[PDB]
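Q: Structure incoming, see below.
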Amino acid sequence: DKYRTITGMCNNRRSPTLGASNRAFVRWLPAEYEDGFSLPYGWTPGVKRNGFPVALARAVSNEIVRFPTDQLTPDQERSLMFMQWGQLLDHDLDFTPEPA
Amino acid sequence: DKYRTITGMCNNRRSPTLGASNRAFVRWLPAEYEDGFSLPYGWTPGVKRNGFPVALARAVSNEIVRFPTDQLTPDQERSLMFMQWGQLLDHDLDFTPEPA
Amino acid sequence: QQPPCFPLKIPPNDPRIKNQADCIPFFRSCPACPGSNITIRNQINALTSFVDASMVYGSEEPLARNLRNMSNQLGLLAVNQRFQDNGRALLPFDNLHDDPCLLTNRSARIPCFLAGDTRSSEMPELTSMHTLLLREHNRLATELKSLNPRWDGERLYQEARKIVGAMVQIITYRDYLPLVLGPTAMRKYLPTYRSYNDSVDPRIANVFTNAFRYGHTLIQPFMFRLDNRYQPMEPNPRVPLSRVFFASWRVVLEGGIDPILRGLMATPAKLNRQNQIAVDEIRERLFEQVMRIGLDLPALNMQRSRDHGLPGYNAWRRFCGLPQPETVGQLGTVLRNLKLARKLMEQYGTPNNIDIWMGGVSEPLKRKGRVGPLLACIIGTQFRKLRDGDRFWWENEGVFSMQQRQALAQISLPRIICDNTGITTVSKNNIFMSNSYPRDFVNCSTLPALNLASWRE
Amino acid sequence: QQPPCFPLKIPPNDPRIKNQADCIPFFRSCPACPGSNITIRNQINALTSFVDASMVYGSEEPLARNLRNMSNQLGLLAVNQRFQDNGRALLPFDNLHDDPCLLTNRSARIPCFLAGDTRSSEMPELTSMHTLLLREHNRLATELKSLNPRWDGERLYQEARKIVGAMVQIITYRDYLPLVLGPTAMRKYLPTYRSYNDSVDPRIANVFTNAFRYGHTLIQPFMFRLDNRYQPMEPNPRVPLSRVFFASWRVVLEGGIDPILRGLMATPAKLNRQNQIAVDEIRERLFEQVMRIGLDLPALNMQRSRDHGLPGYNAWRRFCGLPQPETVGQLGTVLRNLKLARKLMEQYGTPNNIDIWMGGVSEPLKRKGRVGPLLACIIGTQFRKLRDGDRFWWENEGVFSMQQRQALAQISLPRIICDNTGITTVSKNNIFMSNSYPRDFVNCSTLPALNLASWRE
Amino acid sequence: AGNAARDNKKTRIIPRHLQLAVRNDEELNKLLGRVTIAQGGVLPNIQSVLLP
Amino acid sequence: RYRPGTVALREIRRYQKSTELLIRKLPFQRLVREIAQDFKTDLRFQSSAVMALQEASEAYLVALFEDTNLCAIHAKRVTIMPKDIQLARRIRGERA
Amino acid sequence: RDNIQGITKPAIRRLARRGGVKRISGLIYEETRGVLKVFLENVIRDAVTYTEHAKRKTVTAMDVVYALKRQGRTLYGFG
Ligand SMILES: *[C@@H]1O[C@H](CO[C@@H]2O[C@@H](C)[C@@H](O)[C@@H](O)[C@@H]2O)[C@@H](O[C@@H]2O[C@H](CO)[C@@H](O[C@@H]3O[C@H](CO[C@H]4O[C@H](CO)[C@@H](O)[C@H](O)[C@@H]4O)[C@@H](O)[C@H](O[C@H]4O[C@H](CO)[C@@H](O)[C@H](O)[C@@H]4O)[C@@H]3O)[C@H](O)[C@H]2NC(C)=O)[C@H](O)[C@H]1NC(C)=O
Ligand SMILES: *[C@@H]1O[C@H](CO[C@@H]2O[C@@H](C)[C@@H](O)[C@@H](O)[C@@H]2O)[C@@H](O[C@@H]2O[C@H](CO)[C@@H](O[C@@H]3O[C@H](CO[C@H]4O[C@H](CO)[C@@H](O)[C@H](O)[C@@H]4O)[C@@H](O)[C@H](O)[C@@H]3O)[C@H](O)[C@H]2NC(C)=O)[C@H](O)[C@H]1NC(C)=O
Ligand code: HEM
Ligand code: HEM
Ligand SMILES: *[C@@H]1O[C@H](CO)[C@@H](O)[C@H](O)[C@H]1NC(C)=O
């Protein structure tokens, strides 16, 4: 235990697999799927989420997030290095693979 | 939504599969396996737990639980219906299947 | 030693099994994911995690449909078509490939009973309770049919099922849990009902299936049966427990379920003490007739806890907020016993390696309770989660009207016992507390019956 | 919509994509158990859940071994064998079946970079950071070898890796998080270090992978490069962000990483306002050259949150102990905005269905912070779990000596940047705050250097 | 009170433990709402507005 | 040097964890005797009586200061002012 | 005798700190002294009445306890 391992194994003596790589996430809350276990909301047209229809994510981005780019304002107390280190730390922390 | 469901599904509107049958248990604490994911302690000889050898379950049941039946102490404040209703409610709550 | 077999090794100088090459049979639980390297092993819960009287109506659609009386339109439950208990219903028979009930008595040839659970024929007491519940459901369905003649079979079945589930919930949370946890733990972990909290997880924890095994310490080494005068009924007034396992023929062919219920109601249980944990009948002669060698219930519990990969005693003590012992002196202080602490330290080597069951049953009992603080914490947490996270709780608004709730609040176990059974003398209220005859027994003519006049349509 | 494809549907009257039959590409995440009727679907984390500088050393044995320069006994890391940055090290190249870096510009023929993370070639900034970390590791290893000539390659590599991880942890927890959460949330969720819990779960939560995407609101629409005098470097000083995605040729053949770092130090970030969430460069022209059509980063975040089955806004508000709005007025009061609340209410229909990312970025920022109360709570909880549950934390006893910890406490990012590059003018302390030249820029000769004399053995 | 003392890593019971037991239980706090316990101190509570 | 508000928070944490009396005993006893001199002359006080008076007064003042802090926070302030004390006393029904 | 000034500014500051007060204005010490004087006057008047009814010249702790209890301020630990 002089140095760190490379795969994160045995960092926790009681549970060596805890916090290692290629392991499932920890769910702080129970999952909320359309059919209950393995289907997202919006997969099947005509279904409703808690009594309301599921909005399109692209539509939500279109009607809310969109704004003219000439109205952008800078931050007088931050720098781009803030965002870059945020990304670097995030890439340090997690990465969710998807099939090719 | 007038009566219960036999399978137990749809009891929770947000996650219909919560509390249903033929579903995985919920872990309050992370599992502690011999290798980390799929091996119980004592599966392989010579492997110790938390720096100490794993005691044979039969041995401790012999040296601790065992007591002469002659010295049984009746409970003056409870009846056998206590144990019977406990077992009945248990058979209500959970049942862990095993392969045949 | 090959999967899924996980046999129990035999230590040297075993009092019962002289040979060491033998092993106690044991099978690992079915994993949630059959074979993976990414997911930690998890187990399966084959029953609905609610207090919904799932013992009788099953937890799967085919079984539930197979358990009904489909031949009529009265919405009853299927009963035995070959035997009767003095003109009263009995559990239907079951067809199994390897029937264990036939091995107990080859001459009788009485197969195992069929109910909502596969373990309804372990001992005649569980069979008696199941038969009583089935009789109560049938009686409630008949009364509802008489009261409302326009209802169909399915409506009667559903209404009787709802009433039975509400009765079970009322009996449990009003009589059993206060006698287990004790007033302090009951008040701390089960406060007053407020409303339905849809954010409570109602699933059953993995440790609960090991924390709730404390009832294995309350088992008496005999089965007692009493006649109509609460006298030892002959022949065999007391039957050794090793001879009643999977013996359903003692129900059909030995007078029925009346003496079994009478013996249950009027016999003291076994006190749990730090020097007397479990009797030798369930420790050395479990399922003696069925299999080649007897099992070891405490050893089975501990090996099952090991199989599920549950943490040790110290981790669970830290989980519930209690202090964690580290040495022999601290363990002796916590357990209020030095000999037991020394034995545990010698056997395990550290308090962190103590199994959950042994740690839970070794702790001193709570005041006016029957479990230690750790087991009380786990059980209270689980039952609060079950009550609060249930939409169809009997006190939830919309499930029952106010008149229905008032009528249901007056139900009790003695009324059910003396309503659908030839018993005429029953214990006073809190059946689980009274165990002496005739000090606290009433004539069953003073307990009011359940009033269904509020169910009129 | 056949699996594993979950394309984003195009609403009518869309300003960008006129064809309704088209769809935005999208692939569902890999399930933990491929094929199951029991287990609830869960995702896979392919990287170590620790702040251990896994971006440079990888997270698996084969890739980590391939990343090391196993040609000498110096314990170094592999560098580019074809290109150099003014005589300085560069990231090694990578071989792939399909390489978007070549697709971005076919004339240069510059493949993507190989590092501990597969996404280290998205933009020149990430490559600059990775090269800086690699150069720092190489310099530390060389200095240790000169100071300790009796060590071998493995020992030097391990010591340099430990020092680099400690520096990353120090910089993060001392500069980044206090500017994210703000002093109040920093004190509430990340108190002073006490000791090492081994009972804290260090696994990364599923929601965090969305809750940490708030940086997508800090994206500027241009990439800026500055010369030695911190003046706009020509040609193309401000380049569009759509022309830098997966464009590694802007590093090797465009003056190296020093101008990129200079522009990184001396450019203000984009402020997050309720009427200005995300720029159009990442919202409409993401990976325009690499892919057939551009993507939508906020829409991708919402769709990924839906795919993971994360609960709604109100569930996470209740999880963090905050009031849960139910109507238009309550949502407006919580957000301190009625037009945005009305738009969200019209689009979603109920606050319980609002996505976690959108709800988090819609909340007003904290005092002297950059996240709302919900996002701040989630981030602080996750990072506290990471810090307390890590056995190899630098402040933990037995990992670093007192002299080593005292030496390591004096490090700074500007010192690393000035030592590993040719930059002579660096910003003052708290580089994540200083953004004006020459208001808060020093000569870099006054900043103290890390003392390795305590590492002598 | 004994649970409070045990969590405080002490053996005996002092009025501070009694005050901690009373003030941390909703029903007991309601019952002893206008009762002052000598040498009991106060429950630790700092408003979040005054926090830095 | 410490920025304002740090030592105050340290004192808040320290005094909320201890159980000792915060008023000097002899001045409080002298004040109690001075006040009681009006109702009767040549009065004798047990030590227990003075201790009980001190405990009751300290508890009352602490509760009043908690209510005053709530009143001040309501008005979007950090600094306790006499108007907050007056409002708390008026609402509680003491000076009403 | 101006012993009302014996309750010093640091004592009132400590009392406010125990109550969770972070910042204290300098004009509240007089108000606190007046409030304390009023409360003490009421309680001591009731205690002296109780003592006088019993035909005694010593104010016992029980009299103070009864005086506090009759004002809805029951005190535990003195009888
Ligand atoms: C409906 O039920 C909800 C669930 O109720 C739970 O289960 C039932 C059976 C009871 O036991 C009940 O007590 C349980 O809470 C309930 O929502 C719950 O509300 C609490 C209180 O708001 C939430 O706790 C807060 O959570 C976070 C972090 O806490 C833990 O989270 C991580 C996640 O794993 C754990 O690892 C750590 O142990 C963390 O401690 C915090 O936001 C917060 O701590 C801070 O709280 C306030 C902040 O203002 C400060 O005063 C404190 O000092 C802390 O700084 C709480 O701990 C809980 O998460 C939440 N559960 C769920 C599932 O959402 C809900 O309130 C019920 N509704 C009603 C109307 O009663
Ligand atoms: C090491 O840290 C552990 C865990 O601490 C958690 O994580 C750190 C980072 C902080 O965020 C802590 O606040 C977290 O708690 C500490 O042990 C914990 O002790 C607490 C307090 O005794 C335990 O909480 C108790 O849990 C019981 C209630 O069960 C809860 O969970 C169930 C199932 O999820 C559910 O019903 C509901 O969520 C309940 O709240 C109960 O006994 C009691 O009320 C209390 O809440 C907690 O469980 C412990 N955690 C673990 C993982 O065992 C240690 O104290 C700390 N060590 C040191 C030396 O400081
Ligand atoms: C600066 C330009 C950035 C670009 C071009 C970019 C691009 C992307 C893209 C396209 C994804 C995939 C999203 C998905 O698959 O759902 C992603 C993932 C992610 N991004 Fe960004 N990002 C940027 C900055 C940031 C920053 C600064 C942060 C945090 C501070 C961040 C946080 C995340 C996280 C947490 C993920 C995880 C998604 C997953 O694991 O599946 N991003 N990035
Ligand atoms: C009275 C006679 C009883 C007998 C003969 C008996 C027998 C058994 C046996 C052999 C098992 C299998 C354990 C294993 O294979 O690991 C079991 C399971 C179990 N028993 Fe008992 N039991 C009795 C009563 C009780 C009572 C009264 C309780 C609780 C109050 C209880 C709690 C449990 C639990 C929780 C399980 C685990 C359930 C599962 O694994 O699915 N038992 N019982
Ligand atoms: C169950 O069905 C059979 C069909 O023959 C019927 O005779 C019997 O009465 C039914 N059970 C009850 C309890 O009515």
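Here Swiss-Prot sets the residue numbers for chain C, with the shown residues being 287-743 in order.
This entry, so its header tells us, was determined using electron microscopy, 3.2 Å.
A Cβ is built for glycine as well, from the same backbone N, Cα and C atoms used for every other residue.
Annotations for this protein, taken from Swiss-Prot, read as follows:
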type	residues	note
MOD_RES	C:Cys316	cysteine sulfenic acid (-SOH)
CARBOHYD	C:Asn323	N-linked glycosylation site
CARBOHYD	C:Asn355	N-linked glycosylation site
DISULFID	C:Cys387-C:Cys398	disulfide bond
CARBOHYD	C:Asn391	N-linked glycosylation site
SITE	C:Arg405	site 'Transition state stabilizer'
CARBOHYD	C:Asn483	N-linked glycosylation site
DISULFID	C:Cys606-C:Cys663	disulfide bond
DISULFID	C:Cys704-C:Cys730	disulfide bond
CARBOHYD	C:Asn729	N-linked glycosylation site
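Thinking about packing and proximity, how do these listed features fit into the structure?
A: Secondary structure at C:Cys316 (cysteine sulfenic acid (-SOH)), as computed by DSSP, is coil.
Listed in sequence order, there are no same-chain residues at least 6 apart in sequence whose CB falls under 8 Å from the CB of C:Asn323 (N-linked glycosylation site).
Shown in sequence order, C:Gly361, C:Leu362, C:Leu363, C:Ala364, C:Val365 are the residues of the chain, 6+ apart in sequence, with a C-beta less than 8 angstroms from the C-beta of C:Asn355 (N-linked glycosylation site).
Just so you know, the Cβ of C:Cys398 (disulfide bond) picks up 23 other Cβ atoms within 10 Å once every protein chain is counted.
The Cβ of C:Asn391 (N-linked glycosylation site) has 17 other Cβ atoms within 10 Å, all protein chains considered. When secondary structure is read from DSSP and collapsed to three states, C:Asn391 (N-linked glycosylation site) falls in the coil class.
Annotation note: C:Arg405 (site 'Transition state stabilizer') sits in a coil segment as assigned by DSSP. Long-range Cβ contacts of C:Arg405 (site 'Transition state stabilizer') within its own chain (separation 6+, distance under 8 Å): C:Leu412.
Sequence-distant neighbours of C:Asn483 (N-linked glycosylation site): residues of the same chain at least 6 apart with a C-beta under 8 Å from its C-beta are C:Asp674, C:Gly675.
Classification of C:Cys663 (disulfide bond) by DSSP places it within a helix.
Note on C:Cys704 (disulfide bond): other Cβ atoms within 10 Å of its Cβ, all shown chains, come to 21.
In sequence order, C:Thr710, C:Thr711 are the residues of the chain that are 6 or more apart from C:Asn729 (N-linked glycosylation site) and have a CB within less than 8 Å of its CB.
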Q: Listed recorded positions are C:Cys316, C:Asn355, C:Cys398, C:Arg405, C:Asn729; which sit with C-beta under 6 angstroms of ligand 2?
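A: Within range of ligand 2: none.
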Q: At the Cα level, what's the spacing in Å between C:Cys398 (disulfide bond) and C:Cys663 (disulfide bond), rounded?
A: 37
Q: Quick one: what's DSSP say for C:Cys704 (disulfide bond), helix, strand or coil?
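A: Going by the DSSP assignment, C:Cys704 (disulfide bond) falls within a helical segment, counted as helix.
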Q: Rounded to a whole number, how many Å is the Cα of C:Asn391 (N-linked glycosylation site) away from the Cα of C:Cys316 (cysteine sulfenic acid (-SOH))?
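A: One finds 31 Å between the Cα atoms of these residues.
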Q: What recorded positions in C:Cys316, C:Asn323, C:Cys398, C:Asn729 place CB under 6 Å from ligand 1?
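A: Those recorded positions that pass the cut-off are none, since no Cβ is under 6 Å from ligand 1.
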Q: Near C:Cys316 (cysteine sulfenic acid (-SOH)), meaning Cα within 10 Å, which of C:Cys387, C:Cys606, C:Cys663, C:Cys704, C:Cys730 (disulfide-bonded residues)?
A: none
Q: Got a sec? Which of these disulfide-bonded residues, C:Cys387, C:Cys606, has the most Cβ atoms within 10 Å?
A: C:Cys387
Q: How big is the Cα-to-Cα gap, in Å, between C:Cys704 (disulfide bond) and C:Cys387 (disulfide bond)?
A: 29
Q: Return the residue, from the listed recorded positions C:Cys316, C:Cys663, with the maximum count of other C-beta atoms within 10 angstroms of its C-beta.
A: C:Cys663
Q: Reported as an integer number of Å, what is the Cα distance between C:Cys387 (disulfide bond) and C:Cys730 (disulfide bond)?
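A: Between the alpha carbons of C:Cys387 (disulfide bond) and C:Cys730 (disulfide bond) there are 35 Å.
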Q: Suppose we draw a 10 Å sphere around the Cβ of C:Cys730 (disulfide bond). How many other Cβ atoms does it contain, all chains included?
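A: For C:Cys730 (disulfide bond), the count of other Cβ atoms within 10 Å is 16.
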